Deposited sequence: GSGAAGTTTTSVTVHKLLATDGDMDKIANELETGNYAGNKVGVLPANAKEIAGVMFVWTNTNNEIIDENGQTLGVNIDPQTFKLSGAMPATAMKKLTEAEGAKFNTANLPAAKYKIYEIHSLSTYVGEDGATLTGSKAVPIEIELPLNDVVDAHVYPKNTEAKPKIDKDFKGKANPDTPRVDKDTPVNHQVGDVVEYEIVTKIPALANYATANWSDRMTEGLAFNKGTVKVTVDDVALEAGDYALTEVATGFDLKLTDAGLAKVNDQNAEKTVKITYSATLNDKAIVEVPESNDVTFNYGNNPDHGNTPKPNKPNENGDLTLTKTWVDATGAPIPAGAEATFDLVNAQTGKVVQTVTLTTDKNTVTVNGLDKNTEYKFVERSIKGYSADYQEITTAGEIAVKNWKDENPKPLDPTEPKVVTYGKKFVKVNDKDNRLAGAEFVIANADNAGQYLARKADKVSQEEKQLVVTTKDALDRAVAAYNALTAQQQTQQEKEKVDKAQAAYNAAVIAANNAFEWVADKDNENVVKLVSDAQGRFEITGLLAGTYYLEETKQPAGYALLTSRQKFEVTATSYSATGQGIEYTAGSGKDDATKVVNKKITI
């Protein structure tokens, strides 16, 4: 008794779609919402309740549509019930159709969305229409489907480099940076047209070797800077949390075009950066038509014995305790490398899981594999070896988590020897950028604390006592025990120097308080860390006892693997097996 069904494609906001919803599938909607626009050129096809494309008499055509992909079995049949919308919609003749349930799908690829004023627009495909005929006592039915939810797009990269559509592919390859370098970052987010977000939050956390620079965050929407009342910015040592306020959400929601949100900020590479170990940041976009309590994973180091424990709690959107919703799966990721180490699953009876045999010096993160209707809230790290997640039944889509670029420092190891190839203590050195003129590698004092500075001084004084006492001994009095005393003293000075070295610079004075001095221990060991790859010149400032002061500077090469590669000339430690250091040969006075 429903002779015709007219399908209308609309591009409207949710609110306008809700104005239509309550005002009726049914009768023609007389007055359409204010800004809601009807679109012509939209291809709709009718199917069986079992998704099979149908003829006008209701007879199947051997081709079916996938409920979630809309990809059809084979060729679009010539006899199929397909019609293109007019600014009046697609009026189909349902007269020959039996009383039954039918579905109406949109073939998005076949459609050319043309708006009210003839403009060729771009929109989201419609949610399939499940309708039963006769549509009560309606002779000429009208159906107003809702469109699908377009996914937002993101990317995190270095300033300029970010692209949400086509993010860079070589992100694992870390950029070489020296200690104290400011790393300029970019987060680019594309928010879809006509969005109705209750929450648009960006969350950034980095590894301990990257120090987020507070007050560098600059947010813009379609290259127009945001007012401070559009977003709420929380800033910490490890990163930040930017959450769009109602004012800022107005600038991204119900827009006629795709919105582009740009987030720029920076972080300084520090003393806690490990040589040839990359440092990363980690962004997540927690969007939703519902308030969202989700954020970015927070990295953490395992405990002393190499154990990292995950704790999980579940709450409704209100924050009230609920039983465990599903089997929560997590990825244990090396927060520096980005590679997945292990995979953990919490069964619905357990709310804790522990990982064993992890490097205590590496940062790891548990990245929850999305649960339908639940949002992951990684709580603030309070201790090593322990990670907490609060799971909120926010009923929102999975967050966006782009791939992040990595940064890395290089080093070089050295061993102080004589011509007989015997190991020497107390030789002191400087690093010059050139053999002729050339400044000396120093610490940026402004960046280094008074306490830090002073420990370098006292640990240097303590080391010279250990070196003097060792030179005081005879060749046979210099036992492994007497050697170890110089090593303990040296290891403390080298630890102090690295700690004070949180920014480098080049200075004229080879004996300026801030000049980086390297001292050879009882095994002749001495290293430099936090450098850009390149050519340097090691200069001797104090010779070892009984040897001559060297007249020429030893040239050296800092590479991506100069600290760790074998085939260098001499073993840096004892029984390490790696031939991971360069010889510095001292000659006797004549």
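- Gaps between the deposited sequence and the modelled coordinates occur at 1-7, 32-36, 603, listed in sequence order.
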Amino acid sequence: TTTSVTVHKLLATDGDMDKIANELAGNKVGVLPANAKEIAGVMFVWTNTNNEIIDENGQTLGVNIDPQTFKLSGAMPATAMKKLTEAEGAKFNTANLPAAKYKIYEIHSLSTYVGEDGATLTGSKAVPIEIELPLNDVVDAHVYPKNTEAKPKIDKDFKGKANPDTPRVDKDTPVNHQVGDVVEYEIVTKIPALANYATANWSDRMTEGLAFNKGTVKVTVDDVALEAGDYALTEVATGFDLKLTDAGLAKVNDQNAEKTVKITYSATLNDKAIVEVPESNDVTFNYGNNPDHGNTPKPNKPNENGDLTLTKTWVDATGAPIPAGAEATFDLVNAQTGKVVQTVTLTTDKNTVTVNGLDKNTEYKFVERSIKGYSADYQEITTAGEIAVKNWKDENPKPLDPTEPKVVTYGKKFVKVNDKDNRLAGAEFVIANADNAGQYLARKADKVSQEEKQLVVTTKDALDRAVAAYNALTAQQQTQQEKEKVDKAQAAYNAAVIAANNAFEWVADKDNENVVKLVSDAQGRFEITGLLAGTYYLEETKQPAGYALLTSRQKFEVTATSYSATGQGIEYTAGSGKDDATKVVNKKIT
From here on, numbers count along this sequence of modelled residues.
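- Across the two stretches, 456-464 and 410-418, the PDB entry reports the greater mean Cα temperature factor for 456-464.
- Comparing 536-544 with 26-34, the higher mean C-alpha B-factor in the PDB entry belongs to 26-34.
- Highest C-alpha temperature factor among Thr383, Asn494, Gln379, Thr329 per the entry: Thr383.
- Of all the options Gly41, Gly524, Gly62, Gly530, the entry's greatest CA B-factor is assigned to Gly62.
- Placement of the Cα temperature factor of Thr561 within the chain: middle third of the modelled residues, per the deposited record.
- Remark: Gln554 belongs to the lowest third of its chain, ranked by C-alpha B-factor as recorded.
- The PDB entry assigns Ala150 a C-alpha temperature factor belonging to the middle third of its chain's modelled residues.
- Residue-level temperature factors show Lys243 in the middle third of its chain, judged at the C-alpha atom.
- Among the modelled residues of its chain, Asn256 has a C-alpha B-factor that falls in the highest third, as given in the PDB entry.
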